Amino acid sequence: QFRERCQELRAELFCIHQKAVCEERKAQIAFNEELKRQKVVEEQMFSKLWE
Amino acid sequence: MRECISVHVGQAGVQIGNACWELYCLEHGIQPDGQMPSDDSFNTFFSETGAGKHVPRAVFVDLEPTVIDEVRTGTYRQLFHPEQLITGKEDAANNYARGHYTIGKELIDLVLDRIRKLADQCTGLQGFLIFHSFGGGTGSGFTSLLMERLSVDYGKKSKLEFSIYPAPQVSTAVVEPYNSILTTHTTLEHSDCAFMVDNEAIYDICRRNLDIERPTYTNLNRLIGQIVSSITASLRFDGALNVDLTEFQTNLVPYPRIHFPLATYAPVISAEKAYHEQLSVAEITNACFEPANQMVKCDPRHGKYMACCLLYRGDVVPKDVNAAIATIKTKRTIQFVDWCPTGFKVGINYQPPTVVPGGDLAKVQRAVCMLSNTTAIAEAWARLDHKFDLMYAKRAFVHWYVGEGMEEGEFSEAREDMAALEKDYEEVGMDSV
Amino acid sequence: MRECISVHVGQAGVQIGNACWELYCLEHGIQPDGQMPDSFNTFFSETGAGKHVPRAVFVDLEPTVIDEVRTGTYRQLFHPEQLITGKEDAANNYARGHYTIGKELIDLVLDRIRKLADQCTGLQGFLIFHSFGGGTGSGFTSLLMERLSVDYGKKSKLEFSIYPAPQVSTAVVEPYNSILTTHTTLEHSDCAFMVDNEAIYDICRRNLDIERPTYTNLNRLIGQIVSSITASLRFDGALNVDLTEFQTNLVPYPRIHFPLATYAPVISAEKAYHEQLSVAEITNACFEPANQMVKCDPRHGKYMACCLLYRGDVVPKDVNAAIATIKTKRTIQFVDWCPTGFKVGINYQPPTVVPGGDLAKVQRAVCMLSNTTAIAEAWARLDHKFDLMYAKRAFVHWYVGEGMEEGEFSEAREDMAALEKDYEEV
Amino acid sequence: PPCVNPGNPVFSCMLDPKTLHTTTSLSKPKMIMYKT
Amino acid sequence: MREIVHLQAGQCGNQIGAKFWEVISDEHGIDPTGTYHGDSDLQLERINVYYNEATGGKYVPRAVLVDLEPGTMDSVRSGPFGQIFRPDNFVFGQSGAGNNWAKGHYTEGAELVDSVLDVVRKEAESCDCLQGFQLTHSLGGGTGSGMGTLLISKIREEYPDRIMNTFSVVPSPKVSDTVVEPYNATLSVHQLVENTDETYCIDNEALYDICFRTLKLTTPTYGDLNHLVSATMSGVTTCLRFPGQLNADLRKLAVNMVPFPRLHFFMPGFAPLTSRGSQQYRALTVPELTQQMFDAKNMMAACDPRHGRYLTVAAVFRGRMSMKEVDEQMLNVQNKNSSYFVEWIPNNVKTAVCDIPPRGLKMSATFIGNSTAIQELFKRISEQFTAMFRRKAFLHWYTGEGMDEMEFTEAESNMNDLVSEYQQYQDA
Amino acid sequence: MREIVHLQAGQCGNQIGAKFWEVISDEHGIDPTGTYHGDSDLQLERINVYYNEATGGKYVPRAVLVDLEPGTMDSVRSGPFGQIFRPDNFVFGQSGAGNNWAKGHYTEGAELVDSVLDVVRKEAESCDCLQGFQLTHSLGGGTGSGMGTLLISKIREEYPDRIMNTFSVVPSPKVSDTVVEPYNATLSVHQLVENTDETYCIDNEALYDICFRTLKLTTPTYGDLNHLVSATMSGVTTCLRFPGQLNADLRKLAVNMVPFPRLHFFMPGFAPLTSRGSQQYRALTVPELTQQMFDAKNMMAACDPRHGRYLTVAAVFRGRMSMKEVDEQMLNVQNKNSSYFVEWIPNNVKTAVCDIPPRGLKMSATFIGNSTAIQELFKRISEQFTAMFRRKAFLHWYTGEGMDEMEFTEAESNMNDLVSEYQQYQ
Ligand SMILES: Nc1nc2c(ncn2[C@@H]2O[C@H](COP(=O)(O)OP(=O)(O)OP(=O)(O)O)[C@@H](O)[C@H]2O)c(=O)[nH]1
Ligand SMILES: Nc1nc2c(ncn2[C@@H]2O[C@H](COP(=O)(O)OP(=O)(O)OP(=O)(O)O)[C@@H](O)[C@H]2O)c(=O)[nH]1
Ligand SMILES: Nc1nc2c(ncn2[C@@H]2O[C@H](COP(=O)(O)OP(=O)(O)O)[C@@H](O)[C@H]2O)c(=O)[nH]1
Ligand SMILES: Nc1nc2c(ncn2[C@@H]2O[C@H](COP(=O)(O)OP(=O)(O)O)[C@@H](O)[C@H]2O)c(=O)[nH]1
Ligand SMILES: [Mg+2]
Ligand SMILES: [Mg+2]
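The name that the PDB entry assigns to chain E is Tubulin beta-4B chain, with the source organism given as Bos taurus. The deposited entry bears the title "Atomic model of bovine Fallopian tube cilia doublet microtubule (48-nm periodicity)". The annotation that UniProt attaches to chain E under Cofactor is "Mg(2+)". Regarding chain E, the UniProt comment filed under Sequence similarities reads as follows: "Belongs to the tubulin family."

The PDB entry annotates chain B as Tubulin alpha-1D chain originating from Bos taurus. In its Catalytic activity section, UniProt records this for chain B: "GTP + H2O = GDP + phosphate + H(+)". Listed in UniProt under the heading Cofactor, the comment for chain B reads: "Mg(2+)".

Okay, here's the thing in structure tokens:
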């Protein structure tokens, strides 16, 4: 709680949260890429039902 | 040991609360049925029973049984107390006089009975937190009776409402200007603060800031979910500098009749776009005063800011925000009013925001919630007052309102009430030498 | 902290920009993902991770040219917000880009320049690239810079204005857009450079030996010119020279902001075996009028001022025999009020080898930036071509029917008439 | 009969909409025709 | 928990509702005996709206069928979905009327409506909270218009503050089907303005013009027409049956879009209509649907809207669609066509969103619209009435057994008063 | 992204456009069932310029098939790719025109335009930001010329800015297809001069002259004749669908095409078109194209450029080729043939280079010839007009429909005025 403001709060807390923010976002880029696959197969389901 | 009671009324109000209450459960780690997966942060929006069950502090009321059923039989079945989650008898059907006189009257006694049974379990109560609309009958007329009864039953409790304003250009209801004028007699002296969230913000912020096209209301309500979680988190999560609810009221509001702030959630960015830039305190504060990011369709350059309240979340250092405020004060374009030279707050919370599954927001190191009081919301009524008097001039759609018991003269009484409120923003925008 | 915004408007802007941002990645060590496989403060603005989005605002009014830039290999590199797209072309017409499809997009791109300018705290100037061909590169930029001059202004408006060729052209209203943008360049441009690309059409098969050269070849060689003048900022040097230090040593009077540049060691691989690269020799060879990219003959155009970049293994003693050799050779033209008129640009770092690009691994990249009176000859022929149409008013109707007015053509004459006289009376 | 009158001017649903179902890795399998 | 009561009259109203009870049965998954062969839990939660329970599983309709001629009374029962109705609900006269408005209103009308009023109060007593009443009939015949009139004449006596939606087949613009349709219409319209809360007009060859140009089917029977009008019928009453982010039941669908308590004559219409030949060629999205929603060729009334001005319109939407772009494009309808909309109501369009579409369609919509263009029907049918009343033609079957000509005179005056009020509110 | 819609009118027009829609589908990789089959992404790219997306990957040829005869409609719809056309865009009538220009203009012409402009509006509202309109027709054919004449006088008031083109088949300077042509040609070209922004004159005979020697084909049936005009159409619009280094769309063309807003009748032409016995030798490269662009035998309209002067000739190229090999092989032209070239416009050349070629050929170009000499083809049909008109040969069919001889003189006077302006500007 005092070496935070020369050190550990930076480069051990900010650069590790940022390390999370990088890898954590990759799930959202993977999860949303699955929900876009929902719509594109739903349209196949609405194409064969329209057919 | 301090807590905030919420009430959500109207179809608009109940579904923006479903986005509010999905976020409350995913913030504190609470399952959709009530029990903790296995603190005191629950005791602001959640009551802890003998088991792990966390009954929500809200009461959802609406006169349409249709919209209340899908939350009665949805995935939040076991969460809500089934007698809290109260239904109606018949639709208010887009009529102020219906929701105020004839069909909303048989629900006041049961709603106020549940607010009493909820406020006595309360021990350190700060104030109410209202959720309604301006368009429909039960979003406007039924909440009017609520402000009528809560002002006399409680009094000194500070109530806040997150209203959804009628949009200036698009609109979905024909007689909703009538409903957005008569409600103003009961949101002026019966409401302590009134947040306005128009359907023109996420109309285009979800298009330009977020790369997703064609948004719908389940994406509209998440941004309204994020802001309320940002405001109450100072009551709820620890910080280097916290802003209580009563802290927030007396500071942002100048005058007893001027309590109509704007809103802005700055770090609204998509997942595929967020890693393309760093989100600093100075950048996310400069991106929040921009006229393409406010929550109401009104240009802030026409008006002058009275006082702005800023709530930061997560990883924010309290020197960069002071550098951000000084950098954004020295620009000439954002002009403040002369009689309030400071015009600013800061508020720090340690916990970063959560993102719901399926959401288009990307989670951030830091999130700022800018809550600005402007006199540019004077012309928020200008495109509604001209919207009003054109319909009123030839007695269009008046026979329904006077047919339900409402007197004709109460239309013009609300007309002059808003005309006086517009005069107040012309009075405060004049400099004194 | 010595940074620059590389604005790229029109087609020939961003086509140079891609060839620019290719070699900009190599020298700063940046993959097309923006990450490393600070010299990159000047460009490649810092982000949260090891990614670096380029300091640029890629503006186009036509959907297509910016699109393969967008879906190219630099898709991660080139940030979508700085990748401004348009829908309607300017029809190679100054009037359309400046008025009709002007204020339509000028609001977004001023915001987009400003957004990166917030990160750009202590910046040097704006690297704006445009042709004299059409309203995307002629009219929109004239609207852009005058907006950029009234907002920022003091920042260097150093402009890579691609000039129309003395004989060839893509257009026929090429003299129109040129004679309009050149006179608007006079009121709002700090150190506007000149890219004629007609001697580029010649030295390609001489110094590069690329027979059948294509647009790419040109832009790559132009991008090396932008690199050498700015490598002083990003990298280090014994006499490295700032962008402010270029302009207020080179431009003598405010209407003389039109020098000519050329790469000196343009030697490619097949000659590079037989070439003795010695710093004094190449800059001596640089002055030879067949090599300057601007076609207008410097051999008669008096050397009013002259700057000399010195990139690579350049030695301070060896650049003084370079000055002396040019001095004793009196047949090379000189001005009569600057005795020396030189600016030495020592830069330790050697030029990059673009992948596949024919510029060989020459150890040194001496360059040269001389303000000559020769540019009046390039103006006169451009002025002459405009007169032939404007004598009997051909093609004016497209222009005047798209937000413009016939007096602007006439006033473009008078402002051009002042412009040759700036480069004649001195 | 999947529908009531095969060949309506408006529309005739000649597919059992029970088999019409999509899901996410982390979601429940819900049907398409029926929806909220 | 609220419900609407269906009730049909005449040969037209019997056939229209018989197809309507057949087009909502598959929507709620009901076989032709009454059992629930469905696949969704939100198909049975609002079954109390348009159905009611019996001794386990069996869902019986709540419609009363008054029909003065029994020759089309057995037609509905003998159909595929005719066993679903309870038989004692059926009420019929021994002898037909003969297409007299007065004979179905005065002399044998009163012999039956005591029983018809008896069976509607029997069913409405059992309902928990009644929301409205529903009628389908035609103006051009005595058993439909006259019997429908006498029902409405005293149902407002006992249910004053309950809404009424009636789907009335307005008589034919071009080629007429009975020679006394000017007389039957002008007394029905006189009695359809003061008591009905909300009405629909159904031009007969607007259905024929749809089935020729839009649907392009060579041999259309009445079953194809009856299915098309009933698709609009189901689209009206969907929001109080299925959830949504913005729903509009019948009470909301009327009291915010009738400006004045006597102007309630609307333009119905179903949005997604495609031929066989052009069905793979049409995309399914909101912007293409609205270009089919608002055009004159895809309308349920033959009178164009280009000769008048829209006062209020309503467009209920069914299915997931992002309706933020619905508000975007519908504004583009407002801006592109401003002279066809009244300027004294800047907010002319209305939305409603239903969460589920009709079964199998990706998304669907129903058009409700009030216009001053209704005048070109009423101003002519007044001219048809005046061209036949002044010559004392076809009158002794009305005057000779029922009312005098004073009721005929005040029927013309009430029409001509309605003629003047639409004109004076066309420009405001 | 900018898009156009076809407006094929008459038997002449519907056959050309369908063969054009044939070639467009082949280059974009589309089948008669509309499903995409292109082996890359460039065949899609901007598919909205011609094709509207439907369910199942289907692409409808955005085009309304206006006519007055069921027989032409039957032939096009029953063609190999006839299925892909939308049946709602098959608006047609039954009463024929009889090759009378009036009958296709007022009796059933003016009774079907309301329906056609309704489905013209259908395409326009559906597309987002359109670029213009395209309309194939003849000059001497009554429903082709006449109905097309009334469309271009109706869509132009509906959509002025969208530059609308006609590939009008100008009548023969020899063997006549009907007897009615000088009447129908003169009347329509009286409106062609003041309706369309760029009219493409098409002579059947000079188009035969291609199949005479350039293709040296033995018996050319109308199939490749339509294919021949379709080749020029595809390459004109190449900068709107296909990536290109010098992307000059029709918007970039027309402002360099028309020097005064009366002159827009410029003869088109394709360029690497050769024969079966000459493909074995011919080398696909830039200079051997310019051989066969600027030849006086590749013109689609007859009106040979020996009897006129090149106002602002242009050629839109296709395929991967040098841009310094084009510049030279397009300036060497002017420097040589200097007479045709009008010295008034110093460099009357549009180098419009597209990156990707037509599929099945490497080095391509579409030369739109802006020679003056089109007025001789106009004075030819003026004499054929007045020789028939002054004697009052057969006009009671016209004057009975209200088409009196007064407007016949106006048509002759305005086109003889159009003869004068082309002749004065040379
Ligand atoms: N934010 C939001 N708005 C909605 C939602 N659903 C509908 N709306 C729109 O918001 C506007 C205001 O809604 P309300 O005033 O609450 O309408 P209402 O309560 O259903 O009207 P009544 O129940 O008849 O009193 C309406 O015109 C709707 O179009 C929703 O779920 N969220
Ligand atoms: N691409 C490119 N163009 C050059 C180059 N050198 C000169 N030019 C000329 O610069 C002009 C660039 O066009 P722009 O400035 O973008 O204006 P434009 O003609 O409207 O081009 P578009 O935006 O594509 O419509 C072309 O006409 C070329 O003749 C070069 O090296 N590369
Ligand atoms: N769409 C439709 N119209 C009908 C049907 N049966 C009758 N009509 C119309 O009803 C009008 C007269 O019917 P009518 O004999 O009076 O039936 P009634 O009202 O039951 O006596 C005619 O114009 C018919 O077009 C039907 O099954 N479908
Ligand atoms: N490729 C092609 N050209 C045609 C065809 N039919 C006619 N033409 C040209 O059009 C001219 C006749 O035009 P016209 O009869 O007035 O056209 P119409 O109005 O549609 O009948 C002929 O001289 C031909 O040169 C065809 O089927 N294909
Ligand atoms: Mg409601
Ligand atoms: Mg371009």
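Now that the structure has been shown, the text picks up again.
Asker: Can you tell me about the domain arrangement of chain E, naming the residues and giving the values?
Answerer: Residues and elements named next belong to chain E. In terms of domains, chain E is made up of domain 1 (3-257), domain 2 (265-374) and domain 3 (375-425). Taken together, the contacts link 7 residues of domain 2 with 6 residues of domain 3. Buried surface at the junction of domain 2 and domain 3, summed over both partners, amounts to about 640 Å²; 64% is from carbon and sulfur atoms. Considering only the side of domain 2, the residues that lose the most area to domain 3 are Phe265, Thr372 and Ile374, jointly responsible for 65% of the buried surface there. Taken together, the connections running from domain 2 to domain 3 amount to 0 salt bridges. Across the contact surface, domain 2 and domain 3 share 6 residue pairs in polar contact. Grouping the constituent residues of the side of domain 2 that touches domain 3 by class yields 5 nonpolar, 2 polar and no charged.

Asker: Which residues make up the pattern of salt bridges, and what are the values?
Answerer: Enumeration over the complete set of coordinates arrives at 68 salt bridges over all chains. A salt bridge links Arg222 of chain B to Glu22 of chain B, with the nearest nitrogen and oxygen atoms 3.0 Å apart. As far as the burial class goes, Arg222 of chain B and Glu22 of chain B line up, both buried. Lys87 of chain C is the salt-bridge partner of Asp128 of chain F, the closest N and O atoms lying 3.8 Å from each other. Placement of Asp128 of chain F in the loop between α4 (109-126) and β4 (130-135) and of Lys87 of chain C in the loop between β5 (83-84) and α3 (94-100) is noted, with the two residues assigned to different chains. The exposure class assigned to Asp128 of chain F is exposed, which follows from its relative accessible area of 57%. Linked through salt bridges whose partners overlap, the residues forming this network are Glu33, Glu34, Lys36 and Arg37 of chain A.

Asker: Describe in detail the interface of chain A and chain E, supporting the description with residues and values.
Answerer: Facing the 5 residues of chain A at the interface are 7 residues of chain E. Summing the contributions of chain A and of chain E, the shared interface buries around 700 Å²; its carbon and sulfur component is 57%. Looking at the side of chain A facing chain E, the largest losses of area belong to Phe46, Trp50 and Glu51 of chain A, adding up to 76% of the total buried there. Run the count over chain A and chain E and you get 1 salt bridge. Here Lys362 of chain E ties to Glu43 of chain A by a salt bridge, and the two come within 3.2 Å at their closest N and O atoms. There are 3 residue pairs in polar contact connecting chain A and chain E. Here the residues of the side of chain A that touches chain E are counted per class, giving 3 nonpolar, no polar and 2 charged.

Calculation rules
Residues numbered from 1 in each chain as written, not as in the entry; some residues may be left out. Chains lettered and ligands numbered in written order. Part of a larger assembly, values for the part shown. Heavy atoms only, no water. UniProt positions renumbered as here; feature names shortened; annotations may be inferred. Domains from an automatic or database assignment. Contact = heavy atoms within 4.5 Å. Buried area = accessible area lost by both parts, 1.4 Å probe. Salt bridge = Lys/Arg side-chain N within 4 Å of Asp/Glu carboxyl O. Polar contact = N/O pair within 3.5 Å; in protein donor to acceptor, adjacent residues only side chain to side chain. Nonpolar A, V, L, I, M, F, W, Y, C, P; charged D, E, K, R; others polar. Buried < 20%, exposed > 50% of the residue type's maximum accessible area, 1.4 Å probe, protein only. Helix = DSSP H or I, 4+ residues; strand = E, 2+ residues; numbered from the N terminus.

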